[PDB]
file structure05.txt (compact mmCIF, C-alpha atoms and all ligand atoms)
# COMPACT_ATOMS: atom_id res chain seq x y z
CA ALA A 1 65.41 0.78 10.63
CA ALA A 2 62.88 -0.44 8.03
CA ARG A 3 64.45 -2.84 5.57
CA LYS A 4 63.07 -4.64 2.53
CA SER A 5 64.53 -8.14 2.07
CA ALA A 6 64.82 -10.90 -0.49
CA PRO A 7 65.73 -14.61 -0.42
CA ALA A 8 69.14 -15.87 -1.60
CA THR A 9 67.82 -19.35 -2.47
CA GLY A 10 64.71 -20.85 -4.07
CA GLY A 11 64.65 -19.22 -7.50
CA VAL A 12 61.46 -17.40 -8.50
CA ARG B 1 64.79 -18.67 -17.42
CA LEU B 2 65.01 -14.86 -17.34
CA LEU B 3 63.35 -13.14 -20.28
CA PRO B 4 64.39 -9.71 -21.52
CA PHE B 5 61.73 -7.00 -21.32
CA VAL B 6 60.04 -5.58 -24.44
CA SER B 7 60.39 -1.79 -24.62
CA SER B 8 57.50 0.25 -25.98
CA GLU B 9 57.73 0.61 -29.76
CA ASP B 10 56.84 4.30 -30.00
CA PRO B 11 59.91 6.35 -29.00
CA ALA B 12 57.64 9.11 -27.66
CA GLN B 13 56.23 6.61 -25.18
CA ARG B 14 59.69 5.61 -23.91
CA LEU B 15 60.44 9.34 -23.55
CA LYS B 16 57.29 9.82 -21.49
CA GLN B 17 58.17 6.83 -19.29
CA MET B 18 61.69 8.05 -18.54
CA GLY B 19 60.27 11.50 -17.86
CA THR B 20 58.00 10.16 -15.12
CA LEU B 21 61.04 8.55 -13.49
CA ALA B 22 63.19 11.66 -13.79
CA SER B 23 60.50 13.75 -12.07
CA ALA B 24 60.03 11.28 -9.21
CA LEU B 25 63.78 11.12 -8.62
CA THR B 26 63.85 14.91 -8.63
CA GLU B 27 61.03 15.02 -6.07
CA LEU B 28 63.05 12.75 -3.75
CA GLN B 29 66.31 14.70 -4.22
CA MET B 30 67.96 11.73 -5.98
CA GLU B 31 70.23 11.27 -8.99
CA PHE B 32 69.63 8.45 -11.46
CA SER B 33 71.87 5.42 -11.01
CA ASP B 34 71.39 2.06 -12.75
CA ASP B 35 74.21 0.32 -10.86
CA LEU B 36 75.23 -0.50 -7.30
CA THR B 37 77.72 2.13 -6.16
CA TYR B 38 80.52 1.78 -3.60
CA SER B 39 82.72 4.03 -1.45
CA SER B 40 85.40 3.83 1.25
CA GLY B 41 83.22 6.02 3.47
CA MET B 42 80.64 3.24 3.41
CA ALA B 43 81.29 -0.27 2.13
CA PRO B 44 84.01 -1.10 -0.42
CA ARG B 45 83.16 -3.35 -3.37
CA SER B 46 85.36 -6.00 -1.80
CA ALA B 47 82.87 -6.43 1.04
CA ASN B 48 80.26 -7.60 -1.51
CA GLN B 49 81.16 -11.30 -1.76
CA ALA B 50 78.33 -13.78 -2.14
CA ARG B 51 80.38 -16.48 -0.35
CA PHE B 52 79.75 -14.48 2.82
CA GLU B 53 75.96 -15.13 2.63
CA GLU B 54 74.86 -17.28 5.60
CA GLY B 55 73.67 -20.58 4.14
CA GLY B 56 74.88 -19.76 0.62
CA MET B 57 73.47 -17.89 -2.36
CA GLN B 58 72.07 -19.18 -5.66
CA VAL B 59 74.32 -18.50 -8.67
CA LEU B 60 73.09 -16.72 -11.83
CA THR B 61 73.74 -18.95 -14.86
CA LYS B 62 75.75 -17.94 -17.94
CA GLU B 63 72.55 -17.78 -19.98
CA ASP B 64 70.72 -15.54 -17.49
CA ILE B 65 73.84 -13.42 -17.20
CA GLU B 66 73.69 -12.86 -20.98
CA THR B 67 70.04 -11.82 -20.61
CA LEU B 68 70.90 -9.46 -17.75
CA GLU B 69 73.58 -7.82 -19.92
CA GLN B 70 71.19 -7.50 -22.89
CA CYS B 71 68.75 -5.65 -20.61
CA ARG B 72 71.49 -3.39 -19.19
CA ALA B 73 72.62 -2.49 -22.72
CA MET B 74 69.04 -1.79 -23.78
CA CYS B 75 68.57 0.61 -20.85
CA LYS B 76 71.74 2.49 -21.73
CA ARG B 77 70.73 3.02 -25.38
CA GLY B 78 67.31 4.28 -24.29
CA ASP B 79 65.19 1.13 -24.41
CA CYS B 80 63.83 1.13 -20.85
CA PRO B 81 61.31 -1.41 -19.61
CA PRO B 82 57.72 -0.24 -20.25
CA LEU B 83 57.03 1.23 -16.81
CA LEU B 84 55.41 4.44 -15.58
CA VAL B 85 56.00 6.11 -12.19
CA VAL B 86 52.65 7.53 -11.06
CA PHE B 87 51.61 9.29 -7.86
CA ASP B 88 48.84 7.59 -5.92
CA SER B 89 47.07 9.30 -3.02
CA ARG B 90 47.18 6.14 -0.88
CA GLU B 91 50.60 4.71 -1.80
CA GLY B 92 52.70 7.72 -2.81
CA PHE B 93 54.80 7.14 -5.93
CA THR B 94 53.99 3.73 -7.43
CA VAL B 95 55.07 1.85 -10.59
CA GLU B 96 52.69 0.52 -13.23
CA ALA B 97 53.13 -1.40 -16.48
CA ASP B 98 52.81 0.79 -19.58
CA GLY B 99 52.92 -2.22 -21.92
CA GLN B 100 52.65 -6.01 -21.55
CA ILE B 101 55.24 -7.73 -19.31
CA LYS B 102 55.35 -11.54 -19.56
CA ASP B 103 55.90 -13.98 -16.70
CA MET B 104 59.65 -14.40 -16.04
CA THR B 105 60.65 -11.04 -17.51
CA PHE B 106 63.57 -9.14 -15.97
CA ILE B 107 62.14 -5.86 -14.65
CA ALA B 108 64.99 -4.05 -12.90
CA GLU B 109 68.02 -4.37 -10.63
CA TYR B 110 67.57 -2.77 -7.16
CA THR B 111 70.28 -0.09 -7.17
CA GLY B 112 71.74 2.52 -4.81
CA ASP B 113 74.78 3.07 -2.56
CA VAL B 114 75.89 -0.08 -0.75
CA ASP B 115 76.71 0.23 2.95
CA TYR B 116 77.09 -1.87 6.07
CA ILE B 117 73.89 -2.48 7.97
CA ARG B 118 75.80 -1.44 11.12
CA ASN B 119 76.20 2.02 9.55
CA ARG B 120 72.46 2.49 8.97
CA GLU B 121 71.06 1.54 12.38
CA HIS B 122 69.69 5.09 12.81
CA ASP B 123 68.56 5.78 9.20
CA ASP B 124 64.98 6.87 8.39
CA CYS B 125 65.10 5.93 4.66
CA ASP B 126 62.01 3.93 3.68
CA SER B 127 63.78 2.21 0.77
CA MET B 128 66.70 0.30 2.29
CA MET B 129 67.13 -3.21 0.72
CA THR B 130 69.05 -6.26 1.98
CA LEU B 131 72.09 -7.15 -0.15
CA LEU B 132 74.22 -9.55 1.95
CA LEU B 133 73.33 -11.25 5.22
CA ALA B 134 76.53 -12.59 6.77
CA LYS B 135 77.20 -14.82 9.80
CA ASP B 136 78.93 -11.86 11.43
CA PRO B 137 76.23 -9.14 11.43
CA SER B 138 78.90 -6.44 11.24
CA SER B 139 79.72 -7.66 7.71
CA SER B 140 76.16 -7.52 6.36
CA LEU B 141 75.33 -5.03 3.60
CA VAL B 142 72.36 -3.03 2.52
CA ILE B 143 71.48 -1.01 -0.60
CA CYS B 144 70.49 2.57 0.19
CA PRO B 145 68.89 4.53 -2.68
CA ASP B 146 68.51 7.73 -0.64
CA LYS B 147 70.87 9.77 -2.83
CA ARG B 148 71.09 7.68 -6.04
CA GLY B 149 68.87 4.96 -7.49
CA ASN B 150 66.53 3.77 -10.25
CA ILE B 151 62.90 2.76 -10.78
CA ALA B 152 63.04 -0.22 -8.38
CA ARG B 153 62.89 1.90 -5.24
CA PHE B 154 59.45 3.18 -6.29
CA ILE B 155 57.79 -0.24 -6.63
CA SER B 156 55.03 -0.94 -4.06
CA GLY B 157 54.84 -3.92 -1.71
CA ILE B 158 51.96 -6.08 -0.49
CA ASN B 159 50.26 -6.11 2.90
CA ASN B 160 51.72 -9.21 4.60
CA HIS B 161 48.88 -9.20 7.15
CA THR B 162 45.82 -9.86 4.97
CA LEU B 163 44.63 -12.98 3.17
CA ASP B 164 43.95 -10.86 0.08
CA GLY B 165 47.25 -8.99 -0.08
CA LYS B 166 49.37 -11.86 -1.44
CA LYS B 167 46.82 -11.97 -4.27
CA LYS B 168 48.20 -8.62 -5.52
CA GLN B 169 51.79 -9.81 -5.88
CA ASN B 170 52.84 -9.91 -9.55
CA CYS B 171 56.62 -9.72 -9.23
CA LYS B 172 59.35 -10.96 -6.91
CA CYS B 173 62.61 -9.63 -5.58
CA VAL B 174 65.46 -12.17 -5.64
CA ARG B 175 69.14 -12.16 -4.79
CA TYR B 176 71.67 -13.95 -7.00
CA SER B 177 75.43 -14.33 -7.07
CA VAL B 178 76.86 -12.76 -10.26
CA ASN B 179 80.59 -13.09 -10.83
CA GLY B 180 80.88 -13.75 -7.09
CA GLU B 181 79.00 -10.63 -5.94
CA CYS B 182 75.49 -10.34 -4.47
CA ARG B 183 72.91 -8.69 -6.71
CA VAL B 184 69.20 -7.92 -6.20
CA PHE B 185 66.79 -8.17 -9.13
CA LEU B 186 63.05 -7.85 -9.71
CA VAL B 187 61.25 -10.35 -11.97
CA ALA B 188 57.62 -10.75 -13.07
CA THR B 189 55.90 -13.81 -11.56
CA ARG B 190 52.96 -13.84 -13.96
CA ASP B 191 51.88 -12.08 -17.16
CA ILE B 192 51.24 -8.40 -16.36
CA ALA B 193 48.85 -6.22 -18.39
CA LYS B 194 49.23 -2.51 -19.30
CA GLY B 195 47.99 -0.20 -16.54
CA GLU B 196 48.51 -2.86 -13.90
CA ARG B 197 50.34 -1.68 -10.77
CA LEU B 198 53.48 -3.62 -9.79
CA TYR B 199 53.69 -5.21 -6.29
CA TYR B 200 56.27 -7.49 -4.71
CA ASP B 201 56.85 -8.82 -1.18
CA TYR B 202 59.02 -6.43 0.90
CA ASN B 203 59.38 -9.21 3.50
CA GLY B 204 60.72 -12.00 1.29
CA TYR B 205 63.47 -13.04 3.70
CA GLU B 206 63.61 -10.91 6.84
CA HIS B 207 60.44 -9.42 8.32
CA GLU B 208 61.95 -6.00 8.95
CA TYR B 209 59.39 -3.97 6.97
CA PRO B 210 56.07 -3.01 8.65
CA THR B 211 53.18 -3.46 6.19
CA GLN B 212 49.97 -3.79 8.23
CA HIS B 213 48.71 -0.44 6.93
CA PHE B 214 49.46 -1.12 3.24
CA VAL B 215 46.62 -1.21 0.70
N1 LIG C 301 50.89 -1.47 -0.78
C1 LIG C 301 51.14 -0.26 -0.28
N2 LIG C 301 50.12 0.45 0.32
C2 LIG C 301 50.36 1.70 0.85
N3 LIG C 301 51.62 2.24 0.78
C3 LIG C 301 52.63 1.56 0.18
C4 LIG C 301 52.42 0.29 -0.34
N4 LIG C 301 53.59 -0.15 -0.85
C5 LIG C 301 54.54 0.80 -0.66
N5 LIG C 301 53.95 1.86 -0.02
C6 LIG C 301 54.63 3.10 0.42
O1 LIG C 301 55.90 3.15 -0.19
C7 LIG C 301 56.93 3.04 0.79
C8 LIG C 301 58.05 2.15 0.26
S1 LIG C 301 59.23 3.00 -0.85
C9 LIG C 301 58.17 2.89 -2.32
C10 LIG C 301 58.02 4.27 -2.96
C11 LIG C 301 57.12 5.22 -2.15
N6 LIG C 301 55.71 4.91 -2.37
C12 LIG C 301 57.40 6.68 -2.47
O2 LIG C 301 56.46 7.46 -2.64
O3 LIG C 301 58.54 7.11 -2.56
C13 LIG C 301 56.24 2.50 2.05
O4 LIG C 301 56.83 2.97 3.24
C14 LIG C 301 54.84 3.04 1.92
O5 LIG C 301 54.79 4.33 2.47

call {"tool": "encode", "arguments": {"input": "structure05.txt", "output": "structure tokens"}}
result
Amino acid sequence: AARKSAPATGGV
Amino acid sequence: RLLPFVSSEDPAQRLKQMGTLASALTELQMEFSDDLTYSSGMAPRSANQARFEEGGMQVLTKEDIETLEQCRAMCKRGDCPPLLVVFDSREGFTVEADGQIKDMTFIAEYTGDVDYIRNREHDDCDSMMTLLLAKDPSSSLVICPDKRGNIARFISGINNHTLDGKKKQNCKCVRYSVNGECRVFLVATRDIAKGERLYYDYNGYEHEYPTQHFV
């Protein structure tokens, strides 16, 4: 599968 | 700190904007949904607990929660963020600013049906988004806007393979704990001008999205 992903730490 | 977006002042322009989204959703056989949705056939809401995130998850502060709720209320009364969905020959549907969007502005929540990653091993959807990455991989969750979703699933990503691609990034996708649940939001990372196409990094955390062919 192709999956976009984002961090859960580190703010913007 | 999160800033609320500024909707276009002319109501006709907001109408136009929402129209472009409605037509793109229609083209993809989707219904509009501005919230995460749950079901017993997939992943119950109880599975979405930020305390399950391996290595912890940053918590959204009372103040930013207030801003998030302001934006949600604006969307429901018809004040959408100033964004146009536009077809591009090279990228497919893309999203571009239709008014100014300042650095730090809330853009959208990434919405859709939430499901276990283990249930989507053989899914061809090109818009799956990580929600919760747990120590036990069979507990991890993903957002799937294949049937329902909002403008976030149409936003383009950068090419992670070129020195020039990161230069295009003007927003960022982040995950925050809100009232104990994981949530995925998009925020501007610099001032964005009208007509400017939105791009974020599809491979913020995991590198599970192939981008070598992106423009
Ligand atoms: N920078 C980029 N260059 C070329 N295609 C892109 C791109 N960013 C996103 N895309 C396209 O968009 C897909 C992610 S879903 C984003 C919406 C999609 N463009 C659509 O028409 O529905 C990718 O698989 C890719 O096909």

call {"tool": "closest_residue", "arguments": {"input": "structure05.txt", "among": "B:179, B:20, B:70, B:156", "to": "ligand LIG 301 (chain C)", "atoms": "only C-alpha atoms and all ligand atoms"}}
result
B:156

call {"tool": "closest_residue", "arguments": {"input": "structure05.txt", "among": "B:128, B:184, B:86, B:43", "to": "residue B:209", "atoms": "only C-alpha atoms"}}
result
B:128

call {"tool": "closest_residue", "arguments": {"input": "structure05.txt", "among": "B:182, B:83, B:3, B:30", "to": "residue B:63", "atoms": "only C-alpha atoms"}}
result
B:3

call {"tool": "closest_residue", "arguments": {"input": "structure05.txt", "among": "B:71, B:174, B:24, B:143", "to": "ligand LIG 301 (chain C)", "atoms": "all atoms listed in the file"}}
result
B:24

call {"tool": "closest_atom_pairs", "arguments": {"input": "structure05.txt", "of": "chain B", "to": "ligand LIG 301 (chain C)", "cutoff": "6 Å", "atoms": "all atoms listed in the file", "output": "CSV"}}
result
residue,atom,partner,partner_atom,distance
B:90,CA,C:LIG301,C2,5.7
B:91,CA,C:LIG301,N3,3.7
B:92,CA,C:LIG301,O2,3.8
B:93,CA,C:LIG301,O2,3.7
B:94,CA,C:LIG301,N6,5.5
B:126,CA,C:LIG301,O4,5.3
B:127,CA,C:LIG301,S1,4.9
B:153,CA,C:LIG301,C9,5.6
B:154,CA,C:LIG301,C10,3.8
B:155,CA,C:LIG301,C9,5.3
B:156,CA,C:LIG301,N4,3.6
B:157,CA,C:LIG301,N4,4.1
B:158,CA,C:LIG301,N1,4.7
B:159,CA,C:LIG301,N1,6.0
B:214,CA,C:LIG301,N2,3.4
B:215,CA,C:LIG301,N2,3.9

call {"tool": "atom_distance", "arguments": {"input": "structure05.txt", "atom1": "atom CA of residue B:8", "atom2": "atom CA of residue B:187"}}
result
18.0 Å

call {"tool": "residues_around", "arguments": {"input": "structure05.txt", "residues": "residue B:107", "least_positions_apart": "4", "cutoff": "8 Å", "atoms": "all atoms listed in the file", "output": "list in words"}}
result
residues 5, 81, 185, 186, 187 and 188 of chain B

call {"tool": "interface_residues", "arguments": {"input": "structure05.txt", "of": "chain B", "to": "chain A", "cutoff": "9 Å", "atoms": "all atoms listed in the file", "output": "number ranges by chain"}}
result
B: 53, 55-58, 104, 120-132, 142, 172-177, 182, 184, 187-189, 201-210

call {"tool": "axis_aligned_box", "arguments": {"input": "structure05.txt", "around": "stretch 191-199 of chain B", "padding_each_side": "8 Å", "output": "lines of an AutoDock Vina configuration file"}}
result
center_x = 50.8
center_y = -6.1
center_z = -12.8
size_x = 21.7
size_y = 27.9
size_z = 29.0

call {"tool": "closest_residue", "arguments": {"input": "structure05.txt", "among": "B:80, B:119, B:68, B:135", "to": "residue B:16", "atoms": "all atoms listed in the file"}}
result
B:80

call {"tool": "closest_residue", "arguments": {"input": "structure05.txt", "among": "B:11, B:25, B:17, B:163", "to": "residue B:84", "atoms": "only C-alpha atoms"}}
result
B:17

call {"tool": "atom_distance", "arguments": {"input": "structure05.txt", "atom1": "atom CA of residue B:181", "atom2": "atom CA of residue B:147"}}
result
22.2 Å

call {"tool": "atom_distance", "arguments": {"input": "structure05.txt", "atom1": "atom CA of residue B:27", "atom2": "atom CA of residue B:168"}}
result
26.9 Å

call {"tool": "decode", "arguments": {"input": "structure05.txt", "residues": "stretch 191-211 of chain B", "atoms": "N, CA, C and O atoms", "output": "short mmCIF file (atom, residue, chain, number, x, y, z; two decimals), in the first residue's frame"}}
result
data_model
loop_
_atom_site.label_atom_id
_atom_site.label_comp_id
_atom_site.auth_asym_id
_atom_site.auth_seq_id
_atom_site.Cartn_x
_atom_site.Cartn_y
_atom_site.Cartn_z
N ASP B 191 4.00 32.36 4.54
CA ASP B 191 2.90 33.11 3.93
C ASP B 191 2.66 32.60 2.52
O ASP B 191 3.61 32.46 1.75
N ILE B 192 1.41 32.33 2.17
CA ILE B 192 1.07 31.81 0.85
C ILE B 192 0.21 32.80 0.07
O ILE B 192 -0.81 33.24 0.57
N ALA B 193 0.61 33.12 -1.16
CA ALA B 193 -0.13 34.08 -1.98
C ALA B 193 -1.25 33.43 -2.80
O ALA B 193 -1.22 32.23 -3.08
N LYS B 194 -2.25 34.23 -3.19
CA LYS B 194 -3.34 33.77 -4.05
C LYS B 194 -2.82 33.19 -5.36
O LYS B 194 -1.95 33.77 -6.00
N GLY B 195 -3.37 32.04 -5.76
CA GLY B 195 -2.97 31.38 -6.99
C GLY B 195 -1.86 30.36 -6.78
O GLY B 195 -1.60 29.52 -7.63
N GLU B 196 -1.21 30.45 -5.63
CA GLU B 196 -0.13 29.54 -5.29
C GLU B 196 -0.65 28.14 -4.95
O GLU B 196 -1.57 27.97 -4.16
N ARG B 197 -0.05 27.13 -5.57
CA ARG B 197 -0.43 25.74 -5.34
C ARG B 197 0.09 25.28 -3.97
O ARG B 197 1.23 25.58 -3.61
N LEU B 198 -0.74 24.54 -3.23
CA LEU B 198 -0.30 23.97 -1.95
C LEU B 198 0.48 22.66 -2.14
O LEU B 198 0.07 21.80 -2.93
N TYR B 199 1.59 22.52 -1.41
CA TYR B 199 2.36 21.26 -1.34
C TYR B 199 2.84 20.97 0.08
O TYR B 199 3.43 21.84 0.72
N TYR B 200 2.65 19.74 0.55
CA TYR B 200 3.31 19.31 1.77
C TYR B 200 4.16 18.05 1.53
O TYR B 200 4.23 17.54 0.41
N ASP B 201 4.79 17.54 2.58
CA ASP B 201 5.61 16.35 2.46
C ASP B 201 4.78 15.10 2.78
O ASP B 201 4.37 14.92 3.92
N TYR B 202 4.51 14.26 1.78
CA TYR B 202 3.78 13.00 2.02
C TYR B 202 4.55 12.03 2.91
O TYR B 202 3.96 11.14 3.53
N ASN B 203 5.88 12.19 2.96
CA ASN B 203 6.76 11.29 3.70
C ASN B 203 7.36 11.98 4.93
O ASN B 203 8.57 11.95 5.16
N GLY B 204 6.49 12.59 5.73
CA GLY B 204 6.92 13.28 6.94
C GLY B 204 7.55 12.32 7.92
O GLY B 204 8.68 12.53 8.39
N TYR B 205 6.83 11.25 8.25
CA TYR B 205 7.32 10.24 9.18
C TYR B 205 7.83 9.00 8.46
O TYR B 205 9.04 8.81 8.33
N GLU B 206 6.91 8.16 8.00
CA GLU B 206 7.27 6.95 7.28
C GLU B 206 7.53 7.30 5.82
O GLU B 206 7.01 8.29 5.32
N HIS B 207 8.33 6.48 5.15
CA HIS B 207 8.64 6.72 3.75
C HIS B 207 7.91 5.71 2.89
O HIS B 207 8.53 4.99 2.09
N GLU B 208 6.60 5.65 3.07
CA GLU B 208 5.76 4.66 2.40
C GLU B 208 5.03 5.22 1.18
O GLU B 208 4.15 4.56 0.64
N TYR B 209 5.40 6.42 0.74
CA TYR B 209 4.78 7.01 -0.45
C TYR B 209 5.83 7.28 -1.53
O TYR B 209 6.73 8.09 -1.34
N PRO B 210 5.72 6.59 -2.68
CA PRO B 210 6.70 6.80 -3.77
C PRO B 210 6.50 8.16 -4.45
O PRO B 210 5.39 8.43 -4.90
N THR B 211 7.53 8.99 -4.51
CA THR B 211 7.39 10.33 -5.10
C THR B 211 8.41 10.70 -6.17
O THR B 211 8.46 11.85 -6.58
#
